[PDB]
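Take a look at this one chain, the form deposited in one PDB entry, written out in structure tokens.
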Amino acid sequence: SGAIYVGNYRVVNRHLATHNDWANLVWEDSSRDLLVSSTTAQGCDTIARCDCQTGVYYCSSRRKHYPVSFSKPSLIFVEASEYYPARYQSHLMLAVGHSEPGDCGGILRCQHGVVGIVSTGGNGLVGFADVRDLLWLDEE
């Protein structure tokens, strides 16, 4: 579990969005595993605006943050998980590391701020849904 809290936006994995998220929906994309909802209180996070390929992510199933190198966001085939069938996922970055389903929502961060959230795992990789292209998160 986990979210990004930027301005008056909550960014969550689409598959973990609540009824309240859907009732306060700003934007969602199943192909990216992302959903954004509106918040009453302003959030503490800053979105990275960069093309870094190194950062640190939080792994809940280890209670640990790991430094990783990761691929640039791409359209990637993802094998079946507990929460999605085998399918193509867009705007996905991969790193070598541990990820189980409950790790989804952990933040990946670089020197510029939040890069994305854990979205995929298995076979010794962790996949992250990028948010750095979502420039509208920074205003309004």
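Sequential numbering from 1, following the sequence displayed. So that the term is clear: the rigid core is the largest set of C-alpha atoms that superpose within 1.5 Å between two forms.
From this point on, the text means the form solved in complex with a small molecule, which you will not see here.
Undergrad: Within a 4.5 Å heavy atom cut-off, is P101 in contact with the small molecule in the deposited bound form?
TA: Judged by the heavy-atom cut-off of 4.5 Å, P101 is in contact with the small molecule in the deposited bound form.
Undergrad: Is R87 close enough to touch the small molecule in the deposited bound form, meaning at least one heavy atom pair within 4.5 Å?
TA: Result yes; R87 sits at the interface with the small molecule in the deposited bound form.
Undergrad: If you line up the core, which of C50, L75, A86, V96 has a CA that moves 2 Å or more between this form and the one not shown?
TA: The listed residue whose C-alpha shifts by at least 2 Å is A86.
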